[PDB]
Amino acid sequence: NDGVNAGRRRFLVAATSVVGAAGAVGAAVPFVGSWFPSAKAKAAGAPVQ
Amino acid sequence: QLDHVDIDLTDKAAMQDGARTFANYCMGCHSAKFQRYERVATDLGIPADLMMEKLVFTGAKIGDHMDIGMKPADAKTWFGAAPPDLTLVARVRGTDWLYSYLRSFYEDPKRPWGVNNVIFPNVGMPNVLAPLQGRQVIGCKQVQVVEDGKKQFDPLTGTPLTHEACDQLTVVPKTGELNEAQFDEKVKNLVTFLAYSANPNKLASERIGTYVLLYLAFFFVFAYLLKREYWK
Amino acid sequence: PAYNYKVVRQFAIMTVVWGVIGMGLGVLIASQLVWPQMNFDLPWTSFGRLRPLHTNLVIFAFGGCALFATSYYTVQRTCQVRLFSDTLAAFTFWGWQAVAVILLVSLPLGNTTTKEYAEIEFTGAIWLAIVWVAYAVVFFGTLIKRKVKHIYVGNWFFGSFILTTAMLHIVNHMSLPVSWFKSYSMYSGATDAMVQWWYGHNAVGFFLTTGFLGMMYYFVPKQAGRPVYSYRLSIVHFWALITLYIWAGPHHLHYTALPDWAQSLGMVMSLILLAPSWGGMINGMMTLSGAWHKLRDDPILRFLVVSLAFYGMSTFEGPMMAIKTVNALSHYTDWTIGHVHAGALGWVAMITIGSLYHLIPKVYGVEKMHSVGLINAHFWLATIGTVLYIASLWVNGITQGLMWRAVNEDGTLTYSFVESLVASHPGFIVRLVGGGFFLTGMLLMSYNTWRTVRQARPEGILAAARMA
Amino acid sequence: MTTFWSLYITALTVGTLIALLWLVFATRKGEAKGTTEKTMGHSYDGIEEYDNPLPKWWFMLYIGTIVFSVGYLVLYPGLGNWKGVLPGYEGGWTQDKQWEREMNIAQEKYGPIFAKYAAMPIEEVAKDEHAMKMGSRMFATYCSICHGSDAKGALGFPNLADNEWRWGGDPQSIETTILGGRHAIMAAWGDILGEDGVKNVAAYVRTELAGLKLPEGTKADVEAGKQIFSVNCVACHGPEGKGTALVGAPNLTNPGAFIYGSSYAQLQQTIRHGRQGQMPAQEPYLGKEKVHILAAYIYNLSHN
Amino acid sequence: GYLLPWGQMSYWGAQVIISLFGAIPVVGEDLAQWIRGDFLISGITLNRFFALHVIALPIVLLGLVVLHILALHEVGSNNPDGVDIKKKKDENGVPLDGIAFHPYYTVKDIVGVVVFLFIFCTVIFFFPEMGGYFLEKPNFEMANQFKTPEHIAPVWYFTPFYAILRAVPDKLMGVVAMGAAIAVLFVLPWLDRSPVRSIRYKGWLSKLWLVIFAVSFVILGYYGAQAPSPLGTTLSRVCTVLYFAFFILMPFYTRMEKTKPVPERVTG
Amino acid sequence: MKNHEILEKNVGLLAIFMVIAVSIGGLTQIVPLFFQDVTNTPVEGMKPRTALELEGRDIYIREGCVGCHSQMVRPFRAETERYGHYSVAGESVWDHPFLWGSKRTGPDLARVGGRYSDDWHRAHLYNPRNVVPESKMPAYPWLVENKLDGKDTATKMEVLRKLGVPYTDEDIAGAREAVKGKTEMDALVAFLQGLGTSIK
Amino acid sequence: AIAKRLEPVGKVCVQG
Ligand SMILES: COC1=C(OC)C(=O)C(C/C=C(\C)CC/C=C(\C)CC/C=C(\C)CC/C=C(\C)CC/C=C(\C)CC/C=C(\C)CC/C=C(/C)CC/C=C(\C)CC/C=C(\C)CCC=C(C)C)=C(C)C1=O
Ligand code: HEC
Ligand code: HEC
Ligand code: HEC
Ligand code: HEC
Ligand code: HEM
Ligand code: HEM
Ligand code: HEM
Ligand SMILES: [Ca+2]
Ligand SMILES: [Ca+2]
Ligand SMILES: [Cu+2]
């Protein structure tokens, strides 16, 4: 190693971290979204006489 | 030998015709119980009231599964084999198999229901699309001449050059509502609807996957730079 | 401190590999034109599909890789600095190889834009711009981080080439997508023709003359070890050439539906443009003053000199065919193809051969090519094979022009078109033979490069780069 | 073209030429007359540049192509909507106007020949060698991709050298066919006649009519073939299968007039899927006079 | 897990795999019934396998992964050259050929993870069935206790051992051979008598036998995924022999061969 | 004459000068082709190509027939006599991309519309040497087999409309039915028959 | 358009 370019390393670490966090949010989207009422739940109900 | 069919899942009209065919000619014995009328209407673009009026015959609600009155045990007793649920049949057998199977019924007096199938020999299914296709038999008809794959068409008219063959599926003339092309389109629409039913997430899957792959290429660029840099 | 010779040597190796493939495919399509049965009735190997692949591989894969190699090499050496970024330097190699692979996988499948030299479709023309902006960054940042006070003429030529073949690329590919690799141009009819040929005449002249003029400006004085003939001539040549190659585009639509004022402008501008091209040729040739005797000892210098000679020939022919009276005889004849291969085999291919035969034994650490006799043999094969191509296509095109235009004293047409085709068939066979000769020369260079690449030890490659 | 665009296409081009003159005059402003061996000093990689002047012949070619550039661009169009002052054309050289003058001169010189042969009847022209060579070339160009380069044709296209004429062979018919175009009709007798009947009467044309033999090992019924022929086959054909020339019906007794084959694998196709052959009406693309000699070259390729 | 979907493949593969436990000469049938929890594969077996698959085996796997990584970090990683980098250390005690796992290999593994995720998401969103190998077509039909598929085959990643079991004409010996195919990998560390670790410096015999083992494993998987065939059966038997010979002959051909000298410093 | 040295010492100034010099030529020959009536006004009587004609043109594009054939008849008496009335700008106003071509390995196709029967284009596009023994045209015995699926017809029509071609919602709706069960040979032949039909 | 596409196959003729 000869004269590591800081700032470039810091920028790359920050950018990779931010992009990975965005990907983590996206990968969480299926798991969080699956907890909303499903088609089974949305059967609803009709008036009762 | 199966016949290839080009199934366009983005064709709403074809899927609608297939759904109508399934609801009228197929849901008598076959359920689609893993699939809801509401989702079918939403994906095919059918208005909910129209779906209720035109495709739901069993008194079920829009959100109900495509269940039928025929129980599997009763139908197994009656037909010798239970008519399987057809929601996933496109995935179980493939669309080409279904396309060839629904067009391969031919009269066979030796069989319990008077018909057999080239694709599914000795199948227990009656030929329920006979009124549309017409009487199909194992007879002699004109088939394109082929010699080691040397397929001959007419250079001028572009139509096949044919010779007579006596082990072919031939529809008896003036015996069904639809001609060969019309029945081909009917079966294509039905198999398109079955393909949608087996994999209703296909189009959304492709869209989401395209976006995911774009994001992953972006992230790969950044990770590769963070790796090659920091490895100096 | 050293030079980033890794990217230059990757580009040189891939230049040889891509030139071999592209020229073999060109020979294949020529044979198909001689014998239709060479199509084998397969959709993906027909002449209509493979010809675009030939014309887009020879220009962008062979010529493009050659220009990348000689720019990433010339820019550093003349600036005394390493390339701007090794990241983008390696990306411009791998992405260019990806572009070539896209051309291989798509054009045979029929995914083409019909634009002579913009055949790469949507999502393939967007990556070629992504990897060209990176190339421009790598070159101009290196010119920005210089360790010398001036910028060399070759650097000017390379930079002008880079900028112009980004403006042209974005403008000519301005289309609407129907799907991946399926597009419709936003221009129509005469407008679309004008844009297409304002791009296509710069796919030559800038991708094949300006960038290669820089390659010449470096490798001619370097190989001959003599100073450039004239600095003022270089300035005038560069400026007039870049200011007139854009103007001279409309000569490809000389008698079409395009408005006649545009056609006249194109012809007049091409006739003007004759002068700067000959000025560049004069500079290149007279740079050898006092060193002509080296042509007997060094086949590489013969390559460069013959490239300059064919450049002069082509830049004299082209303005002549820009004259509407001449263009009437030869606009759809084989004479156009003869001029194309006079400017490509004679000029582009030969300058490329000479430049790589000099560069390769400088980025690998080996002092010399494995076999100089092979270099001389390749030179002779290329010369006899470009001359054959030129002559056969000249005869063929003149024959077709005369036969199509031939009219009997009664006013009826003397000949049918099938008669022209059968009359051209001998020209087709001779063209096939010349292409085979040139492809054999290419195969000889590939063998020489393979034997020179091997036997180059790790350190020999490493010491050669050491900046100076 | 508006005046803004005219002035734009004038100003930019003239500015480019004037700037290109300024470039070549400034760069030569301080040339060191005599050729110099002195280097310009700056060395980049060992590539030193001499201070030799701009060569005289190149400089003269440059300013000589920038005066021919205010040449073709002042006589011929190009400097905007500026028309041109080339003597002759009323409006400067225009592709359309050059074509118009070419055709006008070709109607005065080539044109009068076409009318002499157009006034004779198609058979008097026919025995005129010069009109026959005119035919030869016009048929070669316009009339060989269908009827063959030898006027014998290929699969699907009549041999107008053989003396059998499906649409009629008299001189007029050999002009009305070539002028009005002919769209012959053979109804698809596939199902109307039965999938097997199209293979029984098919072995009645190739048999007794055509005077051939069914492919050894094939089967048919000549009697049923004839009973089909006499009922649904003889109306627009001949009662002996020898053709009604005014429907384009060929001679079914001569297997040389068959343009759609003669085997009992190709005669069914004619009798099953139908055949509807077209003679391109050759009035529009050729005219009325060039097409009256093409009506004589066919009367001396076969009839004489 | 493959039983959980309760498709045809699920049910019948579980049926055959648990009938294997019926091949034990004496307690085989009782053991198979005890594993099933029923006289056949049923919802009892489904619920039991679900509980094992969802908690018990995940816990065991997590503990085993913890132990695996702990043992590795105790003894340190191997490398492609087989060079014991710990032998040569600098004045700070850091191996000369050693670099800190974090950050260098963490970023390298991030790149590898992104590439793997690209492939993984491509499969997920475009080819989730993967030609019927990741999701078998017959498994999209509900389990039928009375109709068995025309040809029942294991998931691809079990196919090699299946082939081995199918290569043995005898049932009990087939089960024993399938079990030994996995058990021999346990004793692998004592079968290898090579003086060097990396195949780069092992003799020609070791390279040849590794090639043979990989080819035999792939062929066994390929032919265990299809219905029995004459060529398929012959090649499956040959590949079973070669698969077991790669281990059985290792203690010999690792000694007979001549090995290259391992470099003091890793190459690269 | 030494002022040029400035552009040598500054990369930015040289880049700006090169950009301007290359832009001057382009901005004078392409920009004015827009807003010019001759190159934008369709010839009276022309209509946008039908859905099947559009598919046939797309196939003509796919098989790379531009490299051999040209669709621009120059105004030369020999040229027009061989091919017909010379092409004009208005004929190509709705041609994205233009297919004029620059090489004639075969005859100009600018006026083949109606010159020969459909039954010739078939049997010539399936085996060119069957009807012209000396033809160097490649055989295309696969346009007969494969059949158009009409997948992208609606999208293609909509995009062409967005580019200025005057299509109508009726055409967009009916394209799929128009190209339902017709082989690629039929589409290519139909596109061929429509060439140069506006001018006679 | 959808309604016509979805018409049930069975048609019943009713009094009045
Ligand atoms: C076509 O077909 C085929 C395929 O398919 C399609 C195939 O794929 C294959 C190929 C097959 C393969 C290669 C796949 C292989 C897959 C497998 C290996 C699957 C095998 C899975 C099974 C069948 C599961 C079998 C499980 C078994 C046998 C293990 C059973 C374990 C238990 C039931 C555990 C018992 C529980 C216990 C011990 C309770 C805990 C005990 C305690 C005491 C708890 C603690 C209590 C206290 C603390 C209280 C007492 C207190 C004490 C001690 C006093 C002191 C206090 C202190 C705490 C100190 C083949 C051949 C095939 O042809
Ligand atoms: C629309 C008219 C229908 C389609 C499409 C299918 N069915 Fe049926 N069917 C019936 C029985 C009793 C069986 C079982 C026969 C046997 O197992 O031998 C079947 C089977 C099928 C299959 C095969 C699925 C497979 O995985 O093998 C398919 C693809 C299928 N059916 C499609 C009975 C009936 C029936 C009662 C009269 C009706 C109205 C239909 N089937 C309608 C359709
Ligand atoms: C030069 C341009 C041509 C001349 C002169 C003639 N033709 Fe043709 N030709 C073609 C067909 C398909 C037919 C028969 C139509 C049918 O019934 O199916 C013909 C026929 C003729 C005839 C009379 C035939 C006879 O036996 O009586 C004459 C005199 C004649 N043609 C003159 C096909 C074509 C074709 C393909 C598109 C072209 C370009 C031409 N013919 C051109 C000429
Ligand atoms: C796309 C697959 C193509 C179509 C559609 C056509 N061509 Fe060609 N072509 C070529 C030659 C050498 C000829 C000579 C005359 C002949 O072969 O009949 C032709 C001719 C035609 C014609 C007839 C034009 C006329 O005026 O008679 C048509 C309608 C035609 N071709 C359609 C050469 C080539 C070629 C070079 C290898 C290619 C790629 C194509 N043609 C492609 C097509
Ligand atoms: C008028 C309605 C016809 C009837 C009825 C039949 N034929 Fe015909 N025939 C007719 C025409 C106009 C033509 C030529 C069409 C063309 O495009 O050239 C023909 C041609 C034939 C041929 C020869 C084909 C050839 O290449 O010339 C045969 C062998 C033939 N037709 C058979 C045939 C038979 C068996 C029929 C009765 C069963 C019959 N044709 C009826 C016109 C008409
Ligand atoms: C001053 C220099 C040049 C001028 C004025 C010129 C002019 C022309 C002309 C008049 C044509 C005829 C195009 C047609 O009729 O359709 C043409 C075509 C062409 N020439 Fe040049 N040329 C020159 C140099 C070159 C060089 C150096 C090369 C290659 C390195 C080259 C390659 C081509 C190409 C690719 C075409 C297009 C072929 C086509 O239209 O299909 N030209 N050029
Ligand atoms: C053995 C060497 C080569 C052979 C045999 C060959 C062959 C051919 C052939 C047969 C054509 C089409 C002919 C036609 O359409 O009439 C062609 C076109 C073309 N070639 Fe090559 N070629 C060779 C090398 C090259 C090289 C090295 C280049 C550029 C570096 C090049 C650039 C082009 C271009 C631009 C065209 C298009 C011409 C046009 O469209 O008018 N060729 N070549
Ligand atoms: C299934 C989950 C597993 C996980 C999460 C896991 C995890 C890891 C990790 C993180 C490493 C260090 C990085 C590397 O060498 O790749 C490693 C090394 C290793 N693993 Fe695995 N492992 C698993 C399964 C296995 C299996 C099935 C085997 C062999 C039967 C195995 C054998 C080894 C060995 C021998 C090493 C060290 C070898 C060396 O240093 O080159 N592991 N493991
Ligand atoms: Ca072109
Ligand atoms: Ca061209
Ligand atoms: Cu040009």
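The basis for the numbers below is simple: all heavy atoms, side chains too, and nothing from hydrogens, waters or symmetry mates. Lettering follows sequence order; numbering is per chain, from 1.
- Shown here is E:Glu150, whose CD atom has no more than 12 heavy atoms of other residues, nucleotides or ligands within 6.0 Å.
- How far CD1 of B:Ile119 is from CD of B:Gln1: 8.5 Å, rounded to the nearest 0.5 Å.
- Salt bridge annotation for A:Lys40-B:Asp64: absent, with no cationic side-chain nitrogen under 4.0 angstrom from a carboxylate oxygen.
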Check your understanding: Between F:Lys182 and F:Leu148, is a side chain to side chain contact (heavy atoms under 4.5 Å, CB included) present by the stated rule, with each step listed?
Key -> CA-CA 6 Å; F:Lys182 329 193 49 143; F:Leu148 295 177; 5.5 Å; no

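- Between B:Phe193 and B:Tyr196, the ring planes lie tilted relative to each other; the angle falls in the 30° to 60° range.
- Between B:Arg91 and E:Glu129 there is a salt bridge, with a side-chain nitrogen of the basic residue lying less than 4.0 Å from a carboxylate oxygen of the acidic one.
- With hydrogens and angles disregarded, no donor-acceptor distance shorter than 3.5 Å links the side chain of B:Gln16 to the backbone of G:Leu6.
- Taking a cutoff of 4.0 Å between a charged side-chain nitrogen and a carboxylate oxygen, B:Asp67 and B:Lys33 do not qualify as a salt bridge.
- For B:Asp108, the side-chain hydrogen bond (donor to acceptor under 3.5 Å, both in side chains) partners are B:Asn116, not counting sequence neighbours.
- Taking the side-chain hydrogen bond (donor to acceptor under 3.5 Å, both in side chains) definition, one finds that E:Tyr223 meets it with nothing, sequence neighbours left out.
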Review point. Please walk me through it: do B:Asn117 and B:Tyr106 pass side chain to side chain donor-acceptor pair (under 3.5 Å)?
Key: CA-CA 6 Å; B:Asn117 206 275; B:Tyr106 61 92; over 6 Å; no

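- To the nearest 0.5 Å, atom CE of residue B:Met70 and atom CE of residue B:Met27 are 11.5 Å apart.
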Review point. Step by step, would you call E:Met130 with E:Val123 a side chain to side chain contact (heavy atoms under 4.5 Å, CB included)?
Key: CA-CA 7 Å; E:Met130 188 72 15; E:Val123 172; 3.5 Å; yes

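- The side-chain heavy atoms of B:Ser205 and E:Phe126, taken from C-beta on, include no pair separated by under 4.5 Å.
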Exercise for review: Could you walk me through whether B:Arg20 and B:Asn24 pass the side chain to side chain contact (heavy atoms under 4.5 Å, CB included) test, one step at a time?
Suggested key: CA-CA 6 Å; B:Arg20 179 244 198 195; B:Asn24 284 280; 3.5 Å; yes

Review point. For E:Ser19 and E:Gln15, what are the C-alpha separation, side-chain angles and deciding distance, and is it a side chain to side chain donor-acceptor pair (under 3.5 Å)?
Key: CA-CA 6 Å; E:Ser19 287; E:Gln15 162 75 39; 3.1 Å; yes

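- Looking at heavy atoms from C-beta onward, B:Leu178 lies out of side-chain contact with B:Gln133 at the 4.5 angstrom threshold.
- Around atom NZ of E:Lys171, no more than 12 heavy atoms belonging to other residues, nucleotides or ligands sit under 6.0 Å away.
- For the side-chain hydrogen bond (donor to acceptor under 3.5 Å, both in side chains) with B:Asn189, the lone residue among B:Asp11, B:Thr21, B:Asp17 that qualifies is B:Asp17.
- Residues B:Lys141 and B:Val143 form a side-chain contact, since some pair of their non-hydrogen atoms from C-beta on lies under 4.5 Å apart.
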Practice item. Kindly indicate, with the supporting measurements, whether the criterion side chain to side chain contact (heavy atoms under 4.5 Å, CB included) is fulfilled by B:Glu206 and B:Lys202. Key: CA-CA 6 Å; B:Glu206 295 158 323; B:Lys202 181 120 172 161; 4.1 Å; yes

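- For the pair B:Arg135 and B:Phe105, the cation-pi criterion (under 6.0 Å, within 45° of the ring axis) is not fulfilled.
- Judged by the 6.0 Å and 45° rule, B:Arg111 forms no cation-pi pair with B:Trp113.
- Taken from CD in B:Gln142 to CD in D:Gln269, the straight-line distance is 8.5 Å, to the nearest 0.5 Å.
- Counting only heavy atoms from C-beta outward, the side chains of B:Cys26 and B:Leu190 approach each other to under 4.5 Å.
- Between E:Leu20 and E:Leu165 there is a side-chain heavy-atom pair separated by less than 4.5 Å.
- Enclosure of atom OH in E:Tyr222 is not indicated, since only 12 or fewer non-hydrogen atoms of other residues, nucleotides or ligands lie within 6.0 angstrom.
- Crowding of B:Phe57 atom CZ: a count of heavy atoms from other residues, nucleotides or ligands under 6.0 Å exceeding 12.
- Using a 4.5 Å cut-off on side-chain heavy atoms (C-beta onward), D:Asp196 and D:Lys199 make contact.
- Using a 4.5 Å heavy-atom cutoff, the side chains of B:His65 and B:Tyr37 are not in contact.
- A salt bridge links B:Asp43 with B:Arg39: at least one charged nitrogen is closer than 4.0 Å to a carboxylate oxygen.
- Judged purely by atom type and a 3.5 angstrom limit, B:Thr87 has no side-chain atom pairing as donor or acceptor with the backbone of B:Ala198.
- Between G:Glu7 and B:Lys54 there is a salt bridge, with a side-chain nitrogen of the basic residue lying less than 4.0 Å from a carboxylate oxygen of the acidic one.
- Distance check, rounded to the nearest 0.5 Å: CD of F:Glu184 to CG of F:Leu143 gives 5.5 Å.
- The distance from atom CG of B:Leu161 to atom OG1 of B:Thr157, rounded to the nearest 0.5 Å, is 7.5 Å.
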Practice item. Step by step, work out the side chain to side chain donor-acceptor pair (under 3.5 Å) result for B:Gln144 and B:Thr162. Key: CA-CA 4 Å; B:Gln144 192 190 133; B:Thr162 61; over 6 Å; no

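- Contact between E:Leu46 and E:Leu4 at its shortest, heavy atoms only, is CD1-CA, 3.6 Å.
- Counted within 6.0 Å of NZ on D:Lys219, heavy atoms from surrounding residues, nucleotides or ligands total 12 or fewer; the atom is thus considered open.
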Review point. What's the verdict on side chain to side chain donor-acceptor pair (under 3.5 Å) for B:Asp154 and B:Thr159, showing C-alpha distance, side-chain angles and the deciding distance?
Key: CA-CA 5 Å; B:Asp154 186 72; B:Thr159 85; 5.2 Å; no

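- For the pair B:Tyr99/B:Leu2, no side-chain contact is recorded, criterion being any heavy-atom separation below 4.5 Å from C-beta on.
- Here D:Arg272 pairs with D:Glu195 in a salt bridge; the nearest charged N to carboxylate O distance falls below 4.0 Å.
- In this structure, E:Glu141 contributes its side chain and E:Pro138 its backbone to no donor-acceptor pair below 3.5 Å.
- Applying the 6.0 Å contact sphere to CD of B:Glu164 captures more than 12 heavy atoms from other residues, nucleotides or ligands.
- Rounding to the nearest 0.5 Å gives a distance of 10.5 Å between NZ of B:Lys12 and CZ of G:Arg5.
- Surrounding CG of F:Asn146 are more than 12 heavy atoms belonging to other residues, nucleotides or ligands, all under 6.0 Å away.
- The environment of CZ in E:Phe50 is sparse: at most 12 heavy-atom neighbours from other residues, nucleotides or ligands sit within 6.0 Å.
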